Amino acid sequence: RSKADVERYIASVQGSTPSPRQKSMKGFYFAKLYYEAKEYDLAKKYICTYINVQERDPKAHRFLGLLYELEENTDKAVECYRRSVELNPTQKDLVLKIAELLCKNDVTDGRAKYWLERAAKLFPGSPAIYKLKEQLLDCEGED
């Protein structure tokens, strides 16, 4: 998919449902299509426009989180995933994802241990959990 293909669709929306809210209601579509075009900076731009007018859509915060994760922007990805979980807490997968991202970025972060413990409740006996905990134990300070 090209930037031009997505532009054509945006133009069609402008021509038939031109109001500000109507256009914003199409921003998740625009963002996914730009993501398909591998236009990542534009995908971020447009998912942000949709979150503006549909702030409680957990799928939209998750998708914005995905874009930030692709940039290895740990803080922004975590914030987005956290909001998505708050809106739809059945997403246990995101709790593990947050823990994994924080551990990859900075073992020595109070945040990594906090999320790891939240994830451990949701994934009893998980070797993914046990591996992160090993990493945290390795970097613990000594009394």
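Numbering starts at 1 and follows the sequence shown.
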| item | value |
| --- | --- |
| Stretch with the greater mean C-alpha B-factor as recorded in the entry, comparing 22 to 30 against 101 to 109 | 101 to 109 |
| Residue with highest C-alpha B-factor in the PDB entry, from 70, 43, 95, 51 | 70 |
| Chain-relative CA temperature factor third for residue 75 | middle |
| Chain third (lowest, middle, highest) by recorded CA B-factor, residue given as residue 39 | middle |
| Third of the chain's Cα B-factor distribution that residue 115 belongs to, per the entry | middle |
